[PDB]
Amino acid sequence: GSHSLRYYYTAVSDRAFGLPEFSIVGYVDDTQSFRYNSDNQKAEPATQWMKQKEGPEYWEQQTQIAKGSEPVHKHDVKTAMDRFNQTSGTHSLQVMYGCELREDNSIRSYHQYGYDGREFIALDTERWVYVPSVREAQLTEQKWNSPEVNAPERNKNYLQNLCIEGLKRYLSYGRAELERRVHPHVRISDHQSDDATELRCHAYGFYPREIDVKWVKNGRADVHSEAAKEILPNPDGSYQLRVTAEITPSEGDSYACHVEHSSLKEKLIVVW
């Protein structure tokens, strides 16, 4: 139904292997789309369908926004530590924002800072003022909310415009590939024996991410057995799920795996 553009910033006080001090990825609704990091400071597409769609103009525009947000964030991680009295240690700061387009003309948005795995400070969407989660984000709350800075009215003008303008535009470019239904192969197996039997029900290769797979005995829902919905991703669009069921105490009789996915009608697979 709805579609979302959204950006994720991660900034750290000391780098490590794999991590640059600062880096960005932006999702367009499920696909990873944009990328930037502080080693070789450049904004890149991250998916074929963003390649060769916007000119050199754009991108250098984007690389400059990113090269500007980088130092103010390395700075903020050192400031945050100070409000908490920390001198040693590695520390992280995380930023999230995004717009959601939906329904008819409905717009929704969010913008939040997180210092370590804890929410620090965040924007109320109808009131349009930043509300801290913590004492230490009171001094931030006041700088930003003040008349002279007025960050609520600035980000409001981005969240209600540029973000959606850019969303609408990127949805266009990835139109052919974002709705694109691809549907599940399914491969039942049943590990081992002894008294009762295991029964794995492997579905794979599908898009979108959402599915439902039960084990049905004749015409009644079977049993839990562990994990629950662990829909795993593949390194394309595709997704994957496996449901297990400890069964036959001894009686037998016609088990079956009921898949229910957005490319279908029903789909039902029999025993062995």
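Residue numbers run from 1 along the displayed sequence.
Undergrad: Where do the C-alpha atoms have the higher mean temperature factor in this entry, in 177-185 or in 111-119?
TA: Per the deposited B-factors, the answer is 177-185.
Undergrad: Could you check the entry and say whether 153-161 or 120-128 has the higher mean CA B-factor?
TA: The stretch with the larger mean CA B-factor is 120-128.
Undergrad: Comparing recorded Cα B-factors across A203, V28, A228, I65, which one is largest?
TA: That would be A228.
Undergrad: Going by the CA temperature factor in the entry, name the top one among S92, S146, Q138, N105.
TA: Answer, based on the entry's C-alpha B-factors: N105.
Undergrad: Which third, lowest, middle or highest, does the CA B-factor of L241 fall in along this chain?
TA: Lowest third, going by the recorded CA B-factors of the chain.
Undergrad: Please say which third, lowest, middle or highest, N234 falls into when its CA temperature factor is compared across its chain.
TA: According to the entry, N234 has a C-alpha B-factor in the chain's lowest third.
Undergrad: By its CA B factor, does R35 count among the lowest, middle or highest third of the modelled residues in the chain?
TA: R35: CA B-factor falls in the lowest third of its chain.
Undergrad: Splitting the chain's C-alpha B-factors into thirds, which one does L171 fall into?
TA: Its C-alpha B-factor belongs to the middle third of this chain's values.
Undergrad: When the deposited Cα B-factors of this chain's modelled residues are ordered and cut into thirds, is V72 in the lowest, the middle or the highest one?
TA: Ranked within chain, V72 CA B lands in the lowest tercile.
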